[PDB]
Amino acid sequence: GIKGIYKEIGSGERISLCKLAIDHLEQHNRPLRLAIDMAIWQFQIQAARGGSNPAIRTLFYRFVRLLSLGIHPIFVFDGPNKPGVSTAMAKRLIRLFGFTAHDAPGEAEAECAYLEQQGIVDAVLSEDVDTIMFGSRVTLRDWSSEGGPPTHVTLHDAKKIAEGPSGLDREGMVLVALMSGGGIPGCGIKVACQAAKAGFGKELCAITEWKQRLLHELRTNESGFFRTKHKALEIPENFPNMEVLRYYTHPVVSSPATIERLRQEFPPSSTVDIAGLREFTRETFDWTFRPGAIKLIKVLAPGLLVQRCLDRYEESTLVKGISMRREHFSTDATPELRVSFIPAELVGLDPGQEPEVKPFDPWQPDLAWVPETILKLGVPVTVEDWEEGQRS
């Protein structure tokens, strides 16, 4: 649920997460804040195979990707007030990356939408579009390839939907969920959408006046709100159930006090725990000894580089040089510079103090495409010299 909603509101704009990140950083002069429904992982990460704990290993890699994007994420967990990777390990790993874990009192997607409304986050990444019913304005879904590397997302805009052909707004979709559900039998997304379009989605708190209006409209269709008449659809008395109505209208979410607490404490003083990550990966992935250390260095270095650029907003302690420029399609033509750096020097781990058991040398220069905007923010002098040398 809601089944068939995408044929009504649209499938959504497919867009590079990098583009969303960099555009917001340019438009709003600070990194994008994104609430992530923790329920999204449940079917995406238990598809990885091989090695030790591949499910949380997938989680590790998408966290490194979040670093590379410069996104400030907050992962929201479900609460018990709702009407196989460990939560403990997920939260432990979230802290090691300098990210934020947040426990909803009830359903996470309701909390995520609430956080967005309160200006705690700029957008929501969830299983589906249910977030719109809980007040979300910008909601993201399907963080995946476009495949290979997971670079793109599917963006739904609540205002544009309420204007587009469906005319489905928040209270329209509630009525759809009220009548269709998954409650009137024989109904019915098509009819529910037509009922919503007629404006029956208010529901501004003796409600039986309203109920026998559309009930009259469903069987006679004198206003012509429908393609046909529906004398077969017969409506229960409990309906419209009002517990259900305000499960959407005021879902159980964090207290005002919690909101203002988050408002001062998120984003946190984000810092990646290197030594913490080294122990985690050794314990959980069997990334043991010198090979395991080098493996962590290689994977973590680029994101750690991006992350430290923004955090200052000669310092060649980050970028050793620049050599190219591109507007690749994977980022929807977001200007990137080919950047060099020393992985082990940047991560700050010495593979030597670990036992030894073509290849990759963490002490030699590695290359990475980093968004030009982030580089100008973090290493402005090196970028100007690159621009200077290239007008010759």
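The term rigid core refers to the maximal set of C-alpha atoms that superpose within 1.5 Å between the two forms. Residue indices: 1-based, along the sequence shown.
- The stretch that strays farther, by root mean square C-alpha distance over structures and residues in 4 other deposited structures of this protein after a rigid core fit, is 314-322, when 314-322 is set against 293-301.
- Superposition on the core shows that, in 4 other deposited structures of this protein, the C-alpha atoms drift more in one of 65-73 and 42-50; this is 42-50.
- For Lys82, the record comparison shows coordinates absent in at least a third of the other entries of this protein that model its neighbours.
- Where coordinates are absent for parts of the deposited sequence, a chain break appears; between neighbours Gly182 and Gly183 it spans 4 to 9 residues.
- Going from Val357 to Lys358, the model skips 10 or more deposited residues, which lack coordinates.
- 58-66 and 45-53 differ in mean CA B-factor, and the higher of the two is recorded for 45-53.
- Mean CA temperature factor is higher for 207-215 when stretches 207-215 and 318-326 are set side by side in the entry.
- The PDB entry assigns the greatest CA B-factor among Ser144, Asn241, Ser86, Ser136 to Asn241.
- Of the candidates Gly167, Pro150, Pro73, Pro251, the deposited coordinates give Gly167 the top C-alpha B factor.
- Per the deposited record, the Cα B-factor of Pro291 falls in the middle third when ranked against the other modelled residues of its chain.
- The deposited CA B-factor of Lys82 belongs to the highest third of values across its chain.
- The PDB entry assigns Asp366 a C-alpha temperature factor belonging to the middle third of its chain's modelled residues.
- Annotation for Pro105: C-alpha temperature factor in the lowest third relative to the rest of the modelled chain, per the entry.
- Ranked by Cα temperature factor within the chain, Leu140 sits in the lowest third according to the deposited record.
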